[PDB]
């Protein structure tokens, strides 16, 4: 069934508008993280931005055309330090997966748009992990554990792949000479 005139139609566009702004905000926060010396976090912001582009794309492809008026609130700014940006990003994700998407999914099911309702629910899952990632990094910054841990571990240079073993990432990579900012905890997800 068509979406024309349905509340779901406006909800999809509203989600698209929000996801679109989130993509820009995350890319900006990614640039700020770079300036603040947090390369892994910067790349995480950029990856999240690209994933928001994909949520938006799925939503956009459901629309049938024409201009549609929407009424919604969005974050008017701002770009602060990385810790603050991570906190603000997490808060935005929280609202999306706890309030917005469940509401949109609910209304979709009500109006008879099952496929779309399920897509809203699925996107909410992605947003929750996005929040987890942001909250975890904010915590690392607050606890001063971004580049230092209590026990010896392995740190990988994102720039060249050098692996450093120790309680903390080195001031400079011994292989590529790039600063500590490029190091992350060595991760294996395969």
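Residue numbers count along the first chain shown, from 1.
*Asks:* So which stretch wins on mean C-alpha B-factor, 105-113 or 81-89?
*Replies:* Going by the record's values, the stretch with the higher mean is 105-113.
*Asks:* Once you work out the mean C-alpha B-factor for both 159-167 and 23-31 from the entry, which is higher?
*Replies:* Higher of the two, by average CA B-factor, is 159-167.
*Asks:* Among 138, 63, 49, 39, which carries the highest Cα B-factor?
*Replies:* Going by the entry's C-alpha B-factors, 63 comes out highest.
*Asks:* For residue 67, return the chain-relative third of its C-alpha B-factor as stated in the PDB record: lowest, middle or highest.
*Replies:* Highest third - that is where residue 67 ends up once the chain's C-alpha B-factors are sorted.
*Asks:* If you rank every modelled residue in this chain by C-alpha B factor, which third holds residue 152: lowest, middle or highest?
*Replies:* Highest third, going by the recorded CA B-factors of the chain.
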